[PDB]
């Protein structure tokens, strides 16, 4: 995977509404800033039950957004990452509809999971209670198979029916997705919710050996087609560390909340410790299209004796801090407060999570870019966006607070903001200084500060992060300084916003 900053975006929420438009925005407003792009599900349809993650036809681009040719055109200037929704599909798919009509007579009957498919001999309370869940309630919903009420397995919305990834039909379906991406100039594949992909009676059905098998098999298929695979997994940090050595890339989901913690408390020890044990074959982010994950650094939910990267007490303080910095906005969109598939992810833009503090935000992005791994910036964060309360009120979908619709006009207006200009420059810097393609090293000043250093062929850079320099949402004091040497001398920025770094 190219070691350049990537943009995560919905094709229709950045620009006029199409892939062509999004492409234009990237090439004319972010040239040299984002050399890669993760286009969120743009298949048929993109506006269903779960914003693209409930595809009726995964291999067909929603004609309202564009075509596969638009993707090919885009590939000429940007490396493309696309999702491979391996765990489920829309109940409105031809396959599932055939099952509703014909039931066991349908050739697609084996393709979908039901309670009996996993528990042919029935189940005890323990069997079902032991299934891992991102929120309270069992993963089943009612559907009629040829007039017979069946309990279909659904990990997320009731409209997203889980497929048997180990069935012939399920596997054929997944491979057709891989073939389509490989023939459409896609460079990377994101395996959505792969941790849920395998079910086995008596297990948690989440990140078990049977899951590792599925992941391993999908990677093989990926290598066969020259595609790199990034797997998405929100879980106890230990599972992320362990699975990392078996795949090309994993997300670094611990950094986002660890940085909010550091920026709000001044404590960097947790960041230093994570730096020392984290998987370095990762894709870094601060914000994503979902809410901010916190169980990603907390104790194991299935066994509280297994502690996280910080005490559970610090996680609760972290969460309450976001609620305070957003004046209740995040509280109104998080968990049971609105429609959500996950109970603990905190719904709020990262910028709002920090109380819209520019120095803290630019600093967080700086640390993100300095830790090993390919960095990604969510489009709302790319424009330092605030919580979209109007959209939340309209849809009641918790995560929409962080899924604002950016018109071309809004983009140009926001591009004038000092903090957005600073991020554009920081991203450009991270793409042009060859030090980031060299050796990494760091030193820590006893829970007070941490310095990240990269040494490359013709340059080197050192970022010093010291949160205690500017605590408070109203803080205007920089909490990050940068020193670097390039082909044109020895430089230094004591304020990434007033003095954005630029490569000679």
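Residue numbers count along the first chain shown, from 1.
Averaged over CA atoms, B-factors in the entry run higher in 330-338 than in the other of 330-338 and 249-257. Stretches 438-446 and 40-48 differ in mean C-alpha B factor, with the higher average recorded for 438-446. Considering 472, 55, 456, 32 together, the PDB entry gives 472 the largest C-alpha B factor. The top Cα temperature factor in the record, among 125, 83, 287, 400, falls on 125.
In this PDB entry, residue 1 carries a Cα temperature factor that places it within the middle third of its chain's modelled residues. Compared with the other modelled residues of the chain, the Cα B-factor recorded for residue 206 ranks in the lowest third. Ranked by C-alpha B-factor against the other modelled residues of its chain, residue 281 falls in the middle third. Placement of the Cα temperature factor of residue 239 within the chain: highest third of the modelled residues, per the deposited record.
Among all modelled residues in its chain, residue 381 ranks in the lowest third by Cα B-factor.
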